[PDB]
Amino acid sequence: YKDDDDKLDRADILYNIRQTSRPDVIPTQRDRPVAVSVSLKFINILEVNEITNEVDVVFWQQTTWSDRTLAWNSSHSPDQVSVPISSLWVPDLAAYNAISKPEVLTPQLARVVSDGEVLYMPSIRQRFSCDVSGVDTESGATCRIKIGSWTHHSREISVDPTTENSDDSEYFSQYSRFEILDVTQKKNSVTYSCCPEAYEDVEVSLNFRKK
């Protein structure tokens, strides 16, 4: 703050974050799962198949977590900096019903806050297999997207689904063939017969309609 556009300060913070960050290791502070907070803000619904139950969409994946080893006294340093994600540890998030690669359309940077929180918001385009039934009714279709960690169980990573549907058309495209009805993010946990340990995910329920 104040002296925020201090280039030397910024260089040093980044040097520090690199001396300290370990990108392949989960920043479990203590014992608790890393609380990974995830929220999708959709931008567009591009392609929709009534027949094959497949949607093409574009969403901003608002993602956050803390690694307080990264932290620093921002008394006379800047409050945040931007850091290429290849430098930081990043939750290994994935969509379990994804049917195409997550396509990132944005620079792969993240903000680190002086308190050790990281804000990561990539713009993603991706296809899913989900219920497209009734997309032309006016109760609308409801497409459910499941996202959590691919390899870290619940005692290692937990998903917080805190989200608001009020600001939703601050994000969505005025020019879509579709319109958003509601977005519902519910936290739940999934186990698997083969395997111990429950994996936290957020279930993002996308309610939408052809205009």
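Rigid core: the largest C-alpha set superposing within 1.5 Å between the two forms. Quick note: we count residues from 1 along the sequence shown, nothing fancier.
Each structure in 7 other deposited structures of this protein is fitted to the shown form on the rigid core, and of 11-19 and 185-193 the C-alphas lie farther away on average for 185-193. In 7 other deposited structures of this protein, superposed by the rigid core, the C-alpha atoms of 169-177 lie farther from the shown form than the other of 169-177 and 62-70.
Among the other PDB entries of this protein that were compared and that flank it with modelled residues, residue 142 is modelled in all, so it is never left out in a third of them.
In the other compared entries of this protein that model both flanking residues, residue 160 has coordinates in every one, well short of a third left out. The stretch 27-35 shows the higher mean C-alpha B-factor when 148-156 is compared against 27-35 in the entry. For the pair 158-166 and 37-45, the mean B factor over Cα atoms is greater in 158-166. Highest C-alpha temperature factor among 77, 82, 108, 126, as the PDB entry reports it: 77. In the deposited coordinates, the residue among 92, 103, 136, 117 with the greatest CA B-factor is 136.
Among all modelled residues in this chain, the alpha-carbon of residue 190 has a temperature factor (C-alpha) in the highest third. Compared with the other modelled residues of the chain, the Cα B-factor recorded for residue 184 ranks in the highest third.
In the PDB entry, residue 58 places in the lowest third of its chain by CA B-factor. In the PDB entry, a CA B factor belonging to the highest third of its chain's modelled residues is recorded for residue 130. When the CA B factors of the chain's modelled residues are split into thirds, the value for residue 141 lands in the highest one.
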